[PDB]
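So the structure is just underneath, and the comments pick up after that.
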Amino acid sequence: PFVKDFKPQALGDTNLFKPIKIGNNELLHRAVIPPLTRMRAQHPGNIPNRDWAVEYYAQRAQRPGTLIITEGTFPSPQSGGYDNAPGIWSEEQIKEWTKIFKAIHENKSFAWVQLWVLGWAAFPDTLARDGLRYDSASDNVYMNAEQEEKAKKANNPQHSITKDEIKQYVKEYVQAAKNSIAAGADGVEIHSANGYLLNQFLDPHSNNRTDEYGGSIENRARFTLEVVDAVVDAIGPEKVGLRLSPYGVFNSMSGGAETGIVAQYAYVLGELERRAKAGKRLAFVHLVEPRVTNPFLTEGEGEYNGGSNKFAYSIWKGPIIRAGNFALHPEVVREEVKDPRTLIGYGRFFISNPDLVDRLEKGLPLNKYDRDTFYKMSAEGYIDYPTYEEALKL
Ligand SMILES: Cc1cc2nc3c(=O)[nH]c(=O)nc-3n(C[C@H](O)[C@H](O)[C@H](O)COP(=O)(O)O)c2cc1C
């Protein structure tokens with residue numbers, strides 16, 4: 001069964017199906033799979049699912065030329081905090097990861113690892129169980145009143161990380177980037193969006209710092225640019241993306257509600273453009289649209305109208321991935337792709353449609369998706385989503 005109230009439309013006649021080089025990869029269509037954390041990683045070890053993970057990603061690589069960004073992946077153990085979320089720091093993990101990149105590559109597609117550091121969105125009790133800190137920008141301010149109790153009821157109060165501990169995360173970023181390139185990944189995406197650790201330093205709500213890492217637009221952005229500079233001078237600018245979520249409010253970010261939130265993101269896009277004109281242009285920049293400011297709200301909701309991502313394009317001149325609510329709105333995508341460096345990110349509806357790239361070229365209906373198997377240790381809601389040929393045949 002498909003989304004019953006979805007009147008689809010063909011996009012095969014749009015720039016969404018005209019090839020484009022991103023970094024080193026010759027994309028053949030500009031539908032990009034964003035990072036979607038599926039919570040099928042195995043505990044202990046944060047090991048990618050040795051039952052299902054290669055089938056999952058392979059399935060979704062089926063359309064040749066698909067830029068795929070992998071799920072949020074922990075650069076180290078201090079970085080995560082979720083039992084079932086893949087890491088990429090251990091030989092255990094890297095062995096399975098290389099199996100995944102090989103399955104993607106066999107399908108003539110590409111794969112980029114999203115380097116994910118949780119910050120305050122981690123479970124303080126899961127981090128206290130493994131003798132790790134609970135890191136944010138500040139120690140006064142908490143993500144919400146429940147995290148605050150979890151942390152306080154596990155003697156793991158929130159920790160403002162020092163200038164050293166930041167250096168260590170930068171280190172861990174570069175290594176996790178390097179692992180990812182050697183193990184086979186076509187590039188990495190520095191997760192600096194959705195309120196996780198980097199976003200928490202960007203957003204002036206979560207960042208109460210008094211040092212060179214807070215108080216000002218430049219300071220707040222210092223960390224995110226710092227990880228970008230390390231990972232770039234390590235593996236190379238053409239292998240390095242960056243994800244921003246300017247208007248989002250997930251994990252307790254200001255979004256549009258902040259007046260100067262747009263100057264904050266303009267500043268970082270300005271500093272990525274300054275580096276670009278100095279020889280070191282990133283492979284792409286990945287924007288969350290304000291269409292989706294909380295991915296766990298159904299579509300249409302939590303959508304901030306009073307703000308647009310267009311300001312990016314006047315600053316950053318390289319490719320721009322845009323993700324959010326684009327599945328159910330081909331008329332929006334048909335316009336947005338007229339710009340010749342725009343790529344569209346398809347999130348939730350790539351979960352349900354492994355052949356989502358066909359259904360977009362051919363205007364075919366989209367599989368309805370199951371919210372309850374998003375985060376579930378099961379193969380159902382993971383790889384048992386039919387292609388169009390298979391769904392009719394049901
Ligand atoms: C189940 C789920 C897991 C997600 N995991 C991540 C993630 O790990 N990292 C990230 O940057 N975004 C993550 N996202 C957000 C998506 O990348 C995307 O921005 C969001 O789903 C909106 O796109 P859409 O309207 O096409 O679904 C996730 C979204 C969902 C629904």
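How things are named: the first chain in the structure tokens is A, the next is B, and so on; residues count from 1 in each chain; ligands count from 1 in the order shown.
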
Legend entry - 7 Å shell around ligand 1 using only C-alpha atoms and all ligand atoms, listed as a PyMOL selection string: chain A and resi 34-38+71-72+191+193-194+243+288+292+295-296+299+323-327+345-349+374-375

Legend entry - Nearby residues (only C-alpha atoms) at most 6 Å from residue 190 of chain A, same-chain spacing under 3 positions excluded, as a ChimeraX atom specification: /A:114-115,242

For the residues in that selection, give me N, CA, C and O atoms as a CSV table (one decimal), in the first residue's frame.
chain,number,residue,atom,x,y,z
A,114,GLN,N,28.7,9.7,7.8
A,114,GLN,CA,28.4,10.9,8.6
A,114,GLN,C,29.0,10.7,9.9
A,114,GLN,O,28.7,9.8,10.7
A,115,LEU,N,30.0,11.6,10.3
A,115,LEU,CA,30.7,11.5,11.6
A,115,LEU,C,29.9,12.3,12.6
A,115,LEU,O,29.7,13.5,12.6
A,242,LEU,N,29.6,18.7,5.0
A,242,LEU,CA,29.2,19.4,6.2
A,242,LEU,C,27.7,19.6,6.2
A,242,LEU,O,27.2,20.1,5.3

Inset, instruction - Go through A:304, A:110, A:134, A:223 and flag the residue nearest residue 25 of chain A, using only C-alpha atoms for the distances. - result: A:110

Inset, instruction - Do a neighbour search on residue 208 of chain A at 7 Å with only C-alpha atoms, toss out local chain neighbours closer than 5 positions, and write the hits as a PyMOL selection string. - result: chain A and resi 138+214-215

If you keep N, CA and C atoms, can you produce a file of those selected residues as a CSV table (one decimal), in the first residue's frame?
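And here's selection.csv as it stands now:
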chain,number,residue,atom,x,y,z
A,138,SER,N,27.8,23.9,27.5
A,138,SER,CA,27.8,24.4,28.9
A,138,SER,C,27.4,23.3,29.8
A,214,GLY,N,32.7,30.5,22.7
A,214,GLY,CA,31.4,30.9,22.9
A,214,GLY,C,31.4,32.4,23.2
A,215,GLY,N,30.2,33.0,23.1
A,215,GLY,CA,30.0,34.4,23.3
A,215,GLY,C,29.8,35.2,22.0

Inset, instruction - Write down as a PyMOL selection string the residues belonging to segment 20-182 of chain A that are assigned strand (DSSP E or B) by DSSP computed on the backbone. - result: chain A and resi 20-22+25-27+31-33+42+47+67-74+87+110-115+135-136+159-160

Legend entry - Residue set, segment 81-144 of chain A restricted to alpha helix (DSSP H), as a list in words: residues 91, 92, 93, 94, 95, 96, 97, 98, 99, 100, 101, 102, 103, 104, 105, 106, 124, 125, 126, 127, 128 and 129 of chain A

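Closest to residue 336 of chain A among A:42, A:264, A:387, A:309 is A:309, based on only C-alpha atoms.
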
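Closest approach to residue 170 of chain A among A:75, A:120, A:220, A:83: A:75, based on only C-alpha atoms.
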
Inset, instruction - May I ask for the distance between atom CA of residue 254 of chain A and atom CA of residue 216 of chain A, given in Å to one decimal place? - result: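 Separating atom CA of residue 254 of chain A from atom CA of residue 216 of chain A is a distance of 15.2 Å.
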
Inset, instruction - Could you check how far atom CA of residue 48 of chain A sits from atom CA of residue 81 of chain A, in Å to one decimal? - result: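 Straight-line distance from atom CA of residue 48 of chain A to atom CA of residue 81 of chain A works out to 15.2 Å.
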